[PDB]
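Here the structure is laid out as structure tokens; the discussion comes afterwards.
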Amino acid sequence: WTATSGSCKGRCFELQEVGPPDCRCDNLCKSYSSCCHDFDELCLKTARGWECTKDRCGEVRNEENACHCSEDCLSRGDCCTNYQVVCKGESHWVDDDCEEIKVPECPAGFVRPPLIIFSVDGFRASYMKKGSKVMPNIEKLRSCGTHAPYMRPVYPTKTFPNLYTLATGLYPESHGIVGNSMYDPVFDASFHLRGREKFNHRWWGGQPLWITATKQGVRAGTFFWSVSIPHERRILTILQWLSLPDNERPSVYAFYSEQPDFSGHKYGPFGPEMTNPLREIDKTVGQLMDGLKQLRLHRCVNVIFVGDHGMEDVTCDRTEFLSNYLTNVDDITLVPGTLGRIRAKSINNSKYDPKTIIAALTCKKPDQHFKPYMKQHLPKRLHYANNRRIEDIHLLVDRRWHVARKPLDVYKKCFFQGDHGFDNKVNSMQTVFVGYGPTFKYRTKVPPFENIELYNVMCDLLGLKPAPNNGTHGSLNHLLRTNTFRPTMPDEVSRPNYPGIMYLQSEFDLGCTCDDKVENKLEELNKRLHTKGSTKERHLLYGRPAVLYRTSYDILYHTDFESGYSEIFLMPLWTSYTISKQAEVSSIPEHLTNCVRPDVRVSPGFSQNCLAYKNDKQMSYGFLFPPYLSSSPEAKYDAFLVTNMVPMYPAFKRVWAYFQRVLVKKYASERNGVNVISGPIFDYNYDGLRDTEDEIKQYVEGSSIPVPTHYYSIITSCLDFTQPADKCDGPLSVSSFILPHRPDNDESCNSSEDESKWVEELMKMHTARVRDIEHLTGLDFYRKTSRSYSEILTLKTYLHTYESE
Ligand SMILES: *[C@@H]1O[C@H](CO)[C@@H](O[C@@H]2O[C@H](CO)[C@@H](O[C@@H]3O[C@H](CO[C@H]4O[C@H](CO[C@H]5O[C@H](CO)[C@@H](O)[C@H](O)[C@@H]5O)[C@@H](O)[C@H](O[C@H]5O[C@H](CO)[C@@H](O)[C@H](O)[C@@H]5O[C@H]5O[C@H](CO)[C@@H](O)[C@H](O)[C@@H]5O)[C@@H]4O)[C@@H](O)[C@H](O[C@H]4O[C@H](CO)[C@@H](O)[C@H](O)[C@@H]4O[C@H]4O[C@H](CO)[C@@H](O)[C@H](O)[C@@H]4O)[C@@H]3O)[C@H](O)[C@H]2NC(C)=O)[C@H](O)[C@H]1NC(C)=O
Ligand SMILES: CC(=O)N1CCN(c2ccc3nc(C)n(CC(=O)NCc4ccc(Cl)c(Cl)c4)c(=O)c3c2)CC1
Ligand SMILES: [Ca+2]
Ligand SMILES: [Cl-]
Ligand SMILES: [K+]
Ligand SMILES: [Zn+2]
């Protein structure tokens, strides 16, 4: 109930929301249907429109008018945005030459440059180029300020997950807004774009920027906007807030546009109807910049122009129906569209079988335009699993397609030609970033980055300490003229042991064999040198990784590779090795096929054993440093050490053997040498963070040897490929992956073919950032380089996406 007979007089667009049953006058009272009776009359005036004309100059103030052209209007803060242009001889902001903003140029009383975030729904990255002729204000922000070619959204590439990511720096699995619609099994309630349930704060986690600001004494404008408030009024409202007294005036503001998304869904991303929405957005930007320039704030405020996601061509006829695959389709609930999420129709039904659902949806049609996944098997780069609102079964839908449960859902639940929501590496889903103002760089292009990183930057722009988030603070320092954050490397927590030869062969009873007894002062000093770390500068090019948790581990040196060997997990945490452009691939000799050798540096008690692998009829083993890339027949014996062995399903061995035998050499050919760091990952609770030893759910049968969930590699070279990886003087280039360690290749529909037709496609799908591997391993990489730490932070956030230009 609302006692809506109170009044908005003197309260229009008030900043503090009042509590029931008193009626409201803020910019959300319309959503809530709780505005005072006189809200429209007082606060949503429209008379005479939004523009001054010559005949209104110096008019007598009429309070009925939408905005004002009277002489008192600047002092009151309510002139039309074009007032100075029409009535005072001034130029539109867009018509001025851009001039470097070296320092904030702010009126007296401004304690810090305000931040205005201008968010545009469905603004696809390529609109910057393709729409350039009709967006002059946006094109000026872009060319004069700091811009990226594109900005990567989060998955799913939907509105609410992405805007709330922008506000929090968190993945949707962490903030809780995991879709535009979601069912929470604990609440037993559904959230939707439309309706009242989304008003409840229980859905919204983390700490958004407006709260971070308020907790630290920095006042913040509303970031939500009622849809019925027109854009012109949103802008005049922000400009009026900016005229408040010092002690009342917000430092951060947000404008939101429902365009071009609204039109894009109807007309497709490049429909001829899309030109006008782009023009109207640009006009809005120009109203804002003209307004700022009138208030002498155009060289004082920092503006961010950002989108939430792009837009793809999607029509009713490109719909896959689950009813074509499943017999039991009335037993499921599907969240449909550009992603699929499946759960049982009837909660707590014990017979619903997710495995039978997955099997019925796997590789069933040659052209199939989705792939089903248990959420723990989704590519780790999507960080889309650790929330009870994410259903166990997920369908990743091909771009340009939809999934639906049954045909009636689509012809009675084509009105649309555009949609979004697909995998966040898809080109059509990429969006925009421009930063303009004193604190941003001038005329500067920056590489593409992820929207999770902006919260840290916005905090920096406001002098705030960010709440804990998924950004990497320092990775976007290169956007800013003046940084208030100085990143430093985390401290190493565990120092390694450097064991020498401590055990005789006969002390081991590991059930291993090797044919290695075919045995010189020359090449015995040399091999001792190698075991002591003489080639280490070649194979460990960026320092050893730091271990950032408490554990017991050994550094093991070899001719061809170095490793950090865990005495807790009985396998390396990391194995580092350089392969030059000139390196040769060799086979595993017939006599060494099943060779495994005790490592005399490492106790029997901290070793794996071959018997466990013999007894475990599901589990085999592989090697982290590949015997195929041994520098010499003699060095190759080091690759069969028990300390280089890891547990591998036979199905996974096909992927790993192809990577090691064929792909590493190819990358060394293409990149002029590569440095590879490989290792295991344990993430049995799918939270994206390294498991403790007591979280491990699977061991090699009858042993304490833990089975990894994933295997990683980080593959580094010189960005200037005219220099060899091992003699690089400048910036680096990296690609990485996190492959799921699965006992079948059901993910790869072509897996029955030669690995040359499917393995590399799989690895591309599971591309990763170094930062992702860092979270999953508790390791910190690139500790010793000649590069700045900020530059190395950007390197660690890079993702190789494999999309075309
Ligand atoms: C990306 O970034 C984020 C942010 O850094 C990372 O997410 C963090 O990861 C941490 C480790 O997993 C996790 O720590 C938890 O926190 C538990 C407390 O959780 C509640 O309180 C949080 C703080 O709120 C306040 O924040 C500031 C201070 O920073 C205050 O000033 C304000 O007043 C704030 O209110 C809060 O953020 C958190 O929110 C989640 O839960 C809500 C759902 O109920 C949602 O609204 C919200 O969206 C969050 O939901 C996400 O996170 C939860 C996990 O918290 C997850 O389950 C959801 O799916 C979703 O993902 C809560 O409101 C704390 O109790 C935990 O401590 C237990 O474990 C540790 C481990 O050692 C023990 O030492 C400890 O003693 C304790 O064990 C005991 O209790 C156990 C029961 O859990 C029991 O089993 C055991 O036997 C013991 O009795 C732990 O520290 C952070 O909560 C989490 N933050 C967020 C926002 O998600 C993330 O990892 C990053 N991702 C990657 C890939 O890097
Ligand atoms: C957490 C919190 O404080 N509350 C209280 C406010 N409540 C709320 C109330 C009214 C709303 N009315 C509308 C129209 N809309 C649509 C809208 O504004 N879209 C633009 C937009 C901008 C910024 C963000 Cl971050 C996001 Cl996700 C969306 C909302 O989302 C909305 C939300 C949500 C929970
Ligand atoms: Ca984990
Ligand atoms: Cl959704
Ligand atoms: K076996
Ligand atoms: Zn949309």
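Because only heavy atoms are used, hydrogens play no part in the values below, and waters and symmetry mates are left out as well, while side chains stay in. When a residue number appears, it is its place in the shown sequence, counting from 1.
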- request: Taking the side chain as every heavy atom from C-beta outward, state whether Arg233 and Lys45 have any atom pair closer than 4.5 Å.
  value: yes

Open item on the list: Check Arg771 with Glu450, please: is the shortest side-chain N to carboxylate O separation under 4.0 Å?
Closed with: no

message: Any side-chain to backbone donor/acceptor pair from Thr157 onto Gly421? Under 3.5 Å, distance only.
response: yes

- With a 4.5 Å heavy-atom cut-off, do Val120 and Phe305 have their side chains touching? yes

**Report entry** NZ/NE/NH1/NH2 to OD/OE distance under 4.0 Å, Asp40 and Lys30
**Finding:** yes

Tested for side chain to side chain contact (heavy atoms under 4.5 Å, CB included) against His309, the lone hit among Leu163, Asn451, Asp261, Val154 is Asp261

Side-chain (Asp308) to main-chain (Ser119) donor-acceptor, under 3.5 angstrom: no

Measure centre to centre between the rings of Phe199 and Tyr32, then say whether the value is under 6.0 Å. yes

Next on the checklist: Salt bridge or not between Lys375 and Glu173? Use side-chain N to carboxylate O under 4.0 Å.
Outcome noted: no

By side-chain contact (heavy atoms from CB on, under 4.5 Å), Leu382 pairs with (sequence neighbours left out) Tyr155, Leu378, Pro379, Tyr384, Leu396, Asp423, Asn424

Any side-chain to backbone donor/acceptor pair from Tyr253 onto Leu239? Under 3.5 Å, distance only.
no

d(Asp184 CG, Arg388 CZ) to nearest 0.5 Å is 4.0 Å

Does the side chain to side chain donor-acceptor pair (under 3.5 Å) test come out yes or no for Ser263 and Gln259, once each step is laid out? CA-CA 7 Å; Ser263 289; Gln259 287 283 38; 2.9 Å; yes

- Sidechain N-carboxylate O distance under 4.0 Å for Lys796, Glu453: no

Which of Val303, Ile304, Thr482, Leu141 passes side chain to side chain contact (heavy atoms under 4.5 Å, CB included) with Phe440? It is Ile304

Kindly check if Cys43 and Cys25 bring their SG atoms closer than 2.5 angstrom. no

Nearest heavy-atom contact between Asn27 and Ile229 is O-CD1, 3.4 Å

Check: Between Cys36 and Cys8, is the SG-SG gap under 2.5 Å?
Finding: no

Open item on the list: Does any part of the side chain of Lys198, heavy atoms only, come nearer than 4.5 Å to the side chain of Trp203, both counted from C-beta?
Closed with: no

Trace of the side chain to side chain contact (heavy atoms under 4.5 Å, CB included) decision for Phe224 with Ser31
CA-CA 10 Å; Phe224 304 97; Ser31 289; over 6 Å; no

- prompt: Can you check whether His92 reaches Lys293 side chain to side chain, under 4.5 Å on heavy atoms?
  reply: no

Would you kindly say whether the two SG atoms, from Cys106 and from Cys300, are closer than 2.5 Å?
yes

Heavy-atom closest pair (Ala213 atom, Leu464 atom, distance to 0.1 Å) is CA-CD1, 3.7 Å

Check: Donor-acceptor pair, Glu258 side chain versus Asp121 backbone, under 3.5 Å?
Finding: no

Query raised in the report: Any donor and acceptor pair, going by atom type alone, linking the side chain of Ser132 with main-chain N or O of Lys129 inside 3.5 Å?
Result: yes

Output for pair (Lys283 NZ, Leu278 CG), nearest 0.5 Å, gives 15.0 Å

Closest non-hydrogen atoms of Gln207 and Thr212, given as atom of the first, atom of the second and distance, are OE1-OG1, 2.7 Å

#### Entry: Distance flag, aromatic centroids of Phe123 and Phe433, threshold under 6.0 Å
no

Q. Just by modelled atom types, is the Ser790 backbone N or O under 3.5 Å from a matching donor or acceptor in the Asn477 side chain?
A. no

For a side chain to side chain donor-acceptor pair (under 3.5 Å) check, start with the C-alpha distance between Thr338 and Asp419, then their side-chain angles and the critical distance, and finish with the verdict. CA-CA 7 Å; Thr338 57; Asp419 206 351; 4.7 Å; no

Given side chains that start at C-beta, do those of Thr237 and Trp225 come closer than 4.5 Å, heavy atoms only? yes

**Prompt:** Are the charged groups of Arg202 and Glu197 less than 4.0 angstrom apart, N to O?
**Reply:** yes

Residues at least two apart in sequence or cross-chain that pass salt bridge (charged side-chain N to carboxylate O under 4.0 Å, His left out) with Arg24, listed by chain then number, are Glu17, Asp26

Taken to the nearest 0.5 Å, the spacing of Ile116 CD1 from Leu242 CG works out to 5.5 Å

query = Is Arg279 reaching over with its side chain to a backbone N or O of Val134, donor-acceptor style, under 3.5 angstrom?
reply = no

Does one side chain, of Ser251 or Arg112, offer a donor that lies under 3.5 Å from an acceptor on the other? yes

| said: Looking only at side-chain N and O atoms, does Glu312 offer a donor or acceptor that is under 3.5 Å from a partner on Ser428? | reply: yes

Measure up the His775 and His383 rings against each other and bin them: parallel (under 30°), tilted (30 to 60°), perpendicular (over 60°).
perpendicular

Heavy atoms of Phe449 and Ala148 approach each other most closely as CE2-CB, 4.1 Å

inquiry  = Using side chain to side chain contact (heavy atoms under 4.5 Å, CB included), reason through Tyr436 and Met289 one step at a time and then give a plain yes or no.
reply    = CA-CA 11 Å; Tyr436 176 97; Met289 297 315 288; 4.2 Å; yes

Contacts of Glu791 meeting side-chain contact (heavy atoms from CB on, under 4.5 Å) (sequence neighbours excluded), chain-then-number -> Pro731, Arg787, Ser788

Heavy-atom nearest pair, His192 first then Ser190, reads NE2-CB, 3.4 Å

Test of ring centre spacing under 6.0 Å for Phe223 and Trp204:
no

Query raised in the report: Where the side chain of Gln294 meets the backbone of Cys80, is there a donor-acceptor pair that is under 3.5 Å apart?
Result: yes

### Task
Would you indicate whether the side-chain heavy atoms of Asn137 and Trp93 approach each other to under 4.5 Å?
yes

### side chain to side chain contact (heavy atoms under 4.5 Å, CB included) assessment of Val252 paired with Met458
CA-CA 9 Å; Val252 53; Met458 296 187 293; over 6 Å; no

All heavy atoms of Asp780 vs all of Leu548, minimum pair found to be CB-CD1, 4.0 Å

Using modelled atom types and a 3.5 Å cut-off, is there a donor and acceptor pairing between side-chain atoms of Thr794 and backbone atoms of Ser475? yes

message = For a 4.5 angstrom cut-off between non-hydrogen side-chain atoms, does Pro438 reach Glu105?
response = no

- prompt: Mind checking whether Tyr782 and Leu795 have side chains closer than 4.5 Å, heavy atoms only?
  reply: yes

Show the numbers, then the answer: is there a side chain to side chain contact (heavy atoms under 4.5 Å, CB included) between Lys380 and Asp683?
-> CA-CA 10 Å; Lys380 303 293 278 185; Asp683 191 19; 2.7 Å; yes

